[PDB]
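**Q** Experimental coordinates follow, after the sequence.
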Amino acid sequence: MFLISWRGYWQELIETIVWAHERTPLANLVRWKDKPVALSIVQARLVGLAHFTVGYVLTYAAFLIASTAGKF
Amino acid sequence: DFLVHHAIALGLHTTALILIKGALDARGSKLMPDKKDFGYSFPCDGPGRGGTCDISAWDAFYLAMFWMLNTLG
Amino acid sequence: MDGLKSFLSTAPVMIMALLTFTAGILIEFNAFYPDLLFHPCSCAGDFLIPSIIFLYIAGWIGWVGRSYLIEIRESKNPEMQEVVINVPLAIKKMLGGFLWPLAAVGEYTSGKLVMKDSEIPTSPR
Amino acid sequence: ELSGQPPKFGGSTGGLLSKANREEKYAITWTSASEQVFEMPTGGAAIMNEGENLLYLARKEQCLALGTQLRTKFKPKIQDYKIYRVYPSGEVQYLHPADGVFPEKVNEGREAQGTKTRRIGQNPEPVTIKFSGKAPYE
Amino acid sequence: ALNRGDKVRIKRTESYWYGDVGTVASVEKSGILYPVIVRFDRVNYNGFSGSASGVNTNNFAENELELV
Amino acid sequence: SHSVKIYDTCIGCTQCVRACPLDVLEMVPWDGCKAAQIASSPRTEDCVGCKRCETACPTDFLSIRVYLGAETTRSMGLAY
Amino acid sequence: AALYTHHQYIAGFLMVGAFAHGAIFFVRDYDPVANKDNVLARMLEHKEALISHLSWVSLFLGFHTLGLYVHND
Amino acid sequence: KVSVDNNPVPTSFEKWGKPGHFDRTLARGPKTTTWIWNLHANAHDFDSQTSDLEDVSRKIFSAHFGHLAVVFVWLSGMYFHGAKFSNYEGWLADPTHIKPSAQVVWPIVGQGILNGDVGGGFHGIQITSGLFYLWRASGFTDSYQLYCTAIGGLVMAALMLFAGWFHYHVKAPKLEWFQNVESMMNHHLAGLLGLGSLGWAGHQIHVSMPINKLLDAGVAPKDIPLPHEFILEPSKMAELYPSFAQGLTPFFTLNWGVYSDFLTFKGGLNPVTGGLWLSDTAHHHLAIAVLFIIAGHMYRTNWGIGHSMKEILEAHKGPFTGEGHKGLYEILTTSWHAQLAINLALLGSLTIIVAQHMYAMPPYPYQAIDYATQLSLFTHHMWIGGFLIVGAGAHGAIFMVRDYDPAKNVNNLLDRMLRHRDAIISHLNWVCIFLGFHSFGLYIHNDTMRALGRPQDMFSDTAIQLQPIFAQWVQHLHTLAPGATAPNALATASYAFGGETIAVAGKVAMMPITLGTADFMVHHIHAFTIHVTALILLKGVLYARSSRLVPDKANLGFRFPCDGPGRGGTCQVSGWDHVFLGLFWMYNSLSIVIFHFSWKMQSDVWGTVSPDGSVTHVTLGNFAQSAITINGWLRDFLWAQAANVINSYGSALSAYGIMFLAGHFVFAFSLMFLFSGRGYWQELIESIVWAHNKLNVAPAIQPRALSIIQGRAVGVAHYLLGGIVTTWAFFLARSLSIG
Ligand code: CLA
Ligand code: CLA
Ligand code: CLA
Ligand code: CLA
Ligand SMILES: CCCCCCCCCCCCCCCC(=O)OC[C@H](COP(=O)(O)OC[C@@H](O)CO)OC(=O)CCCCCCCCCCCCCCC
Ligand SMILES: CC1=C(/C=C/C(C)=C/C=C/C(C)=C/C=C\C=C(C)\C=C\C=C(C)\C=C\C2=C(C)CCCC2(C)C)C(C)(C)CCC1
Ligand code: SF4
């Protein structure tokens, strides 16, 4: 997701959510002290790579151990 | 065994290609002669001049990572 | 031959030419294991099959292709000669394909093979 | 102080938000010879009143997006538009046609800043300005 | 200085044509920073993504050129 | 906010000023080129960094450059 | 199996990082003056010679290695 | 109302040798490789070529004639292959034991293995197009009949091709002519669909029905008389269906019910056929035909009777919607993209309706038996319908960028909803999140509870269960419909709702598809995946012109990568980039639909019926208990059913084996483009180019990395290819091996 889809889409999707909360009664009672924004371009690549890496080793490890320990 | 070794060699060379290129053109290329002024990690340089997406040295490590994982696979 | 000219920019007519090799080539291409096993490599010389003929094929094509790009450069018609293959360029280079590595031997010796490092562009270090 | 007539408009959701009444909003005035339809940067369509108009938008980019439209999508190219930055403190601030003439046209009086007595390729090496808050372009 | 038509080699450094050969088109304005207009056989990268070509000409200083 | 700089290679084509969608640039008198004018960046407090300006300049390499910097409410194009 | 697969993934990450910081050196610490004409600087001088060849070997390995496997398949 | 310009364009071959002439940018010549790609991606973009709406409409008109021509060539190719390279006659003799096969592979490079034994002493590739099943229901009994049909196609092909030339180079219609919408509709509604449905009903009754009745008797094809012979001897057409004694005039005297001998309403499946009763489909199209001729008399034309759609639209205003449909007439008679957007949305949604209806009510003989053809025709029409409803979002957005005019849209339905686009997306955003958790989150609840040895907590028929009370209640009404809510209908429309388990040979043609919690979940996965796909595409249309991030997005165009790294980053704000992301989700959505279909029909429908009536499904009903966890899908569907294709090496199915891998390859190859950017790639080329400058072999057409858009266009192009090649091979290898 973070690797294929890029920022501008998400920034324009967030502002509609920003709209919703400001307009929603009872919820506007809570206002964020930090303006919501889409991840940076570099950030998305980083996070996208992080996920891609974690899943790479966790998938393979779980297969290495189980296949070898299960069979010996 | 003969073939997987050459496959690994492919894995080491291509990963080195990316990492080494990104290092050498880190100061700049004739697409971004003043890359040094922008630092190691920066997003890009706008759609101008054809496009400059994933042009930085940081983005070379990024593309290089996918190949290391694959080589280890 | 304005319409033929437009058919000419269409490369894959060459792929049709390749299949036509069957008329002459398929006749002799029966089994074809000639001396693949006997090599005096002081024992076990069965790696001696025709790997070398691959070099002549790519050379006759490459140098002619280079001669197509170089001969067209003299014309000063860059956009036309690239988009629509000039008959004189493709014919002369490809027709001399057998003697192509031969003229390439002359080009290498005359120093026509490698251009100047000074003349070639270098990127900022 | 200065004002105009709010364009005839049913209302949209792409308009102002909390920023307008917290931080800052922008204002844009322009004079039109007739009542005609124009596109809101906040989406939809509105019609400007004949004479002076007044419109609040949330961002400076929005006003300039409308300003360029006013000057390019009409038979009578309206170039009479003026943009202000209005704070919640009541303080207003002139912004576009800054000095008086559009920035496209060179005008005497403007002080040069951002210029460099230097080629872009002649910037210093990064090692030169090491552990100083400054970058090569400074 | 350099005459119109003279083939010239570029020694700027950041130029897409640095090391490449250009052709002097004209010399302009007497006293000016970059008077030598040069035109090039092949275009540069300049242009928004999707452009079919680039720029053919650019101004250089006389001191960063070599006659050929 | 972001930083905008102009270098001595500009040729006063003014294309950058009329490209910028936030009025960050303007032309001023200058005796360095034939057009007798140079680009300036007096209102960088409002540049988002779209780099439409760099796209427009025709010099072999850009005479105007946008060095992205500290983000602000304005420099991020936030309507909220 | 785990210890081996483990330490190689560790090693793979280190090699990438080694070139990553190797690229950062050129961006933030390299002095063309101090390193003028030395083995370090001259690498940059013919960087396109390095990369173009590192590209060829990769092209040479990938086309054939994959080629044999697809042939057999 | 005919208006035409005579010979608007000469017919010369000069332009063929001047590529990129249609655009002023490309016309002068190529300087970089980008010119080449641009020549192709702007070829059909007739809007960007000329601003004369009359001229482009003429291009489009003659573009269709060209398309109808190739479809005729293709269609004729299927008939020619069925006539000369098929075992159709062999299959018509023993439909229940012979496997349909066309296309003979040439013995070369060992590829002759793909010519597998399909019975009847015929070797070739087993087909899944259902063509053999179509031919019989159509009344084909000879190879020559198919052969003549194939020639007729080439005639039509040439005829369509001539018309395209004629209506752009000889007599091009005026812009006024294309705008005759009210009249154009009356002809399609009655001339194309009406007479088409009437005309085909004439064939079914005079050719298909009587012939196919003899194949029930098993007269065998050669003994059966020729189709036209049934007309030469009305005695023959009378001997079957006694209601031909009083042939015509009951129709004209309004007797009608006399024809009930061959115009029935059995509503079921012919138990020997396994297909819909041809007596019904004939009475059906006869009824549809009449309805369509009727519907083609509503609109205003030259005789003052009818309706003005302009009048109707404008006369539909309400409190909530201001001026209403005012102006909608205009934009739908001036903008082609406006029309195309709607036509894709419906045509695409329709092709899906075809899939979901063709499987539950098999309209062809022995179709229901062939589980491969049933799976192949279903998932096929699924994808086509899927791609079309994505383009529906593309041109829906292009209209907003190019042909939307604010002045011609003031406080109307179009303008009004653009003025709360932030409200629309904000809610569609929330629904997608709600569906997101409450569908997928359930599977994660199960997978986790399972592994923790807490099977009593997970969601299942056995444990706690979410029962589709409504869908089940709907089935109960459909099965109890005959003799009550449908008295003249003998049996229910589809036995998938409930009833007898129909069987042919030893196989299940169709039987009640019970719905459990296992089905409830995947249904809400489908609702989830659909809603996200709408969100991506819908958001792409409304924010095509402007946003709070880029108020001047409309000026940037429909197809642009971005607006620089400024504003935090503005990559993929364009409508094109909303089609880009919308494609992956159309894919992800439908993959789950076809995976639902494959497993459910295998596990809880298909299988072999013993003479006693007991059914043995191919997956033994493991669906309701395993289709409620991801590991269950990973194991009992993928890992299990993929065993067929991976072991296909050395058999006739070996193709699907290596094709299963081919898909995998281009899939990964796609990731090369989708994860990177041209910034890196251009720098790489510079080093490569230098090596050519060194040997004086640099090309005149300077090498340039692909555009940021093409980089993405190529990315999705391969990802969706491989993603479907993989499934394509997996489904065929699986379905062919099971039966
Ligand atoms: C039998 C099937 C087969 C096929 C399909 C290929 C296909 C290929 N080969 Mg291989 N090759 C083969 C057999 C085959 N080869 C055998 C049996 C040998 C042992 C001699 C080789 C030795 C060989 C070498 C050394 C190279 C290739 C290369 C290539 C690739 C680019 C050359 C080309 O065709 O483009 C069209 C032709 C040109 C563009 C111009 C000529 C380019 C060549 C190959 C260099 C000229 C040959 C020269 C005498 C030897 C190189 C110097 C050497 C000391 C390194 C291409 C994918 C090249 C490659 O992979 O680069 C990434 C490469 O350099 N091949
Ligand atoms: C399996 C998918 C895949 C494939 C085939 C490649 C292939 C390649 N990569 Mg990529 N890469 C990938 C995934 C892939 N990559 C992913 C997911 C990433 C993360 C973004 C990268 C990131 C990356 C970087 C940063 C670089 C590469 C580079 C390369 C090239 C190195 C040369 C080589 O290995 O041998 C030769 C080429 C091949 C083995 C591929 C040829 C494919 C075929 C089958 C050849 C025959 C063509 C066929 C007949 C055409 C018909 C198609 C028609 C139907 C339309 C090679 C073209 C390097 C490069 O550009 O080299 C200089 C480079 O630096 N890759
Ligand atoms: C055979 C005689 C002939 C000649 C000399 C021309 C010449 C011309 N045509 Mg016409 N045209 C013809 C027949 C002909 N056409 C037919 C039969 C049709 C109906 C399909 C058309 C429909 C048509 C349209 C709508 C337009 C033209 C245009 C033009 C002009 C520019 C287009 C161009 O040449 O690029 C060459 C382009 C191609 C050759 C396209 C080939 C790509 C494909 C794959 C064709 C599609 C399949 C095809 C219909 C069926 C082929 C297979 C089938 C036989 C089995 C040029 C003067 C254009 C114009 O006026 O310029 C602005 C214009 O817009 N033509
Ligand atoms: C009803 C039919 C229809 C028609 C008449 C059009 C017509 C048009 N479209 Mg639309 N489109 C459609 C359906 C249609 N489209 C559908 C269903 C989708 C959803 C995917 C789209 C998505 C779409 C987008 C995103 C765009 C268009 C655009 C256009 C315009 C230019 C297209 C072009 O340049 O061609 C060029 C075609 C190519 C360069 C070929 C690309 C490669 C393909 C399609 C891959 C095919 C895979 C292949 C079959 C399988 C691999 C086999 C291989 C290994 C050999 C043109 C007006 C463009 C536009 O409006 O201009 C701004 C544009 O942006 N279309
Ligand atoms: C199981 C889940 C829980 C079930 C609870 C039952 C809820 C039933 C849903 C009610 C829909 C309300 C329709 C508004 C009735 C309506 O049309 O009001 C009328 C109004 C326009 O009416 P006018 O008076 O203007 O009509 C005259 C002119 O407009 C001529 O067009 O429409 C709107 O205001 C737009 C509101 C759209 C509302 C968006 C709803 C999105 C769909 C939600 C339902 C999805 C169900 C799936 C099938 C679609
Ligand atoms: C398959 C195919 C084909 C073929 C086709 C065909 C051949 C068909 C057909 C068809 C036909 C052959 C049709 C027909 C007909 C008809 C109709 C549709 C009718 C009608 C009518 C009406 C409605 C009217 C009625 C009436 C009345 C009511 C009144 C008085 C009397 C009358 C009679 C007038 C081709 C090869 C081309 C291509 C491929 C596919
Ligand atoms: S693309 Fe490479 S550049 Fe054009 S924007 Fe998304 S990132 Fe900044």
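**A** Okay, I see it. Numbering: from 1, shown residues only, chains lettered A, B, ... in the order given. Ligands and ions are numbered 1, 2, ... in the order given.

**Q** Check which element follows whichever strand or helix holds residue H:83 along the chain.
**A** Per DSSP states H and E, residue H:83 falls inside helix H:53-84. The C-terminal neighbour of helix H:53-84 among helices and strands, as given by DSSP H and E, is helix H:88-93.

**Q** Okay, buried residues for the helix holding residue H:83 please.
**A** Buried residues in helix H:53-84, counted by 16 or more other CB atoms under 10 Å in any protein chain shown: H:53-59, H:61-62, H:65, H:68-69, H:72, H:75-76, H:78-83. For the C-beta atoms, the positions are set from N, CA and C on the backbone; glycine is no exception.

**Q** Give me the contact status of it with ligand 4.
**A** No: remark: helix H:53-84 sits outside contact range of ligand 4, by CB under 6 Å from any ligand atom, the gap being at least 7.3 Å.

**Q** which other helices and strands contact that helix?
**A** helix H:46-49, helix H:131-138, helix H:143-169, strand H:171-173, helix H:175-178, helix H:336-358 (3 or more CB pairs under 8 Å, 6 or more residues apart in numbering or on different chains; DSSP states H and E).

**Q** mind listing what's buried in the fifth one?
**A** Along helix H:175-178, the positions that meet the burial threshold by neighbour count (16+ other CB under 10 Å) are H:175, H:177, H:178.

**Q** Skipping adjacent residues, who's closest to the second one in space?
**A** For residue H:177, the nearest residue in space outside its immediate sequence neighbours is residue H:3; the separation is 5.2 Å by CB to CB, 6 or more residues apart in numbering or on different chains.

**Q** re the thing from before, restrict the buried residues of helix H:175-178 to contacts with ligand 1.
**A** Okay, of the buried residues of helix H:175-178, nothing touches ligand 1 (CB under 6 Å from any ligand atom).

**Q** returning to what we had before: mean neighbour count, the helices and strands packed on helix H:53-84: which tops it?
**A** helix H:131-138 (a mean of 22; mean count of other CB atoms under 10 Å in any protein chain shown).

**Q** which stretches of the chain form helices?
**A** In the absence of a named chain, this looks at chain A. Secondary structure of chain A (DSSP state H): helices located at A:7-23, A:41-71.

**Q** Switch to chain F, please.
**A** Counting by DSSP H, the helices of chain F are F:52-56.

**Q** need the residues of it near ligand 7, please.
**A** Counting by CB under 6 Å from any ligand atom, chain F has no residue next to ligand 7.

**Q** The closest residue to chain A within chain F: how many residues sit nearby?
**A** Closest residue of chain F to chain A, CB to the nearest CB: residue F:80 (5.3 Å). Around residue F:80 there are 21 other residues, counting by other CB atoms under 10 Å in any protein chain shown.

**Q** Touching, it and residue D:17? I think so.
**A** Yes: shown here, residue F:80 and residue D:17 form a contact pair, counting by CB atoms under 8 Å, at 4.4 Å.

**Q** residues shared between the contacts of these two?
**A** Jointly contacting residue F:80 and residue D:17 under the rule CB atoms under 8 Å, 6 or more residues apart in numbering or on different chains are A:18, A:22, D:58.

**Q** Next up, the contacts around the first one.
**A** For residue A:18, the contact set (CB under 8 Å, 6+ apart) comprises A:36, D:17, F:80.

**Q** just to revisit the earlier point, got a markdown table for the helices and strands packed on helix H:53-84, with distance to residue H:188 too?
**A** Shown next, in a markdown table, are the helices and strands packed on helix H:53-84 (distance: least, CB to CB, whole Å):
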| stretch | distance to residue H:188 |
| --- | --- |
| helix H:46-49 | 23 |
| helix H:131-138 | 24 |
| helix H:143-169 | 17 |
| strand H:171-173 | 16 |
| helix H:175-178 | 14 |
| helix H:336-358 | 12 |
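
**Q** Just read off the phi/psi values of the closest residue to ligand 6 within chain A.
**A** In chain A, the residue that lies nearest ligand 6 is residue A:4 (42.2 Å; CB to the nearest ligand atom). Note on residue A:4: its backbone torsions stand at phi -90, psi -60 [degrees, to the nearest 10].

**Q** could you check the distance from it over to residue F:33?
**A** Separation of residue A:4 from residue F:33 (CB to CB, to the nearest Å) stands at 45 Å.

**Q** More neighbours: these two, which one.
**A** Set residue A:4 next to residue F:33 and count neighbours by other CB under 10 Å: residue F:33 wins out with 22 against 19.

**Q** From ligand 1, how far out is that one?
**A** Counting by CB to the nearest ligand atom, to the nearest Å, the gap from residue F:33 to ligand 1 is 46 Å.

**Q** Tell me the residue of chain D that sits nearest ligand 2?
**A** Closest point on chain D to ligand 2, by CB to the nearest ligand atom, is residue D:126, at 25.2 Å.

**Q** Look at that residue and say how many residues are nearby.
**A** Neighbours around residue D:126, by other CB under 10 Å: 21.
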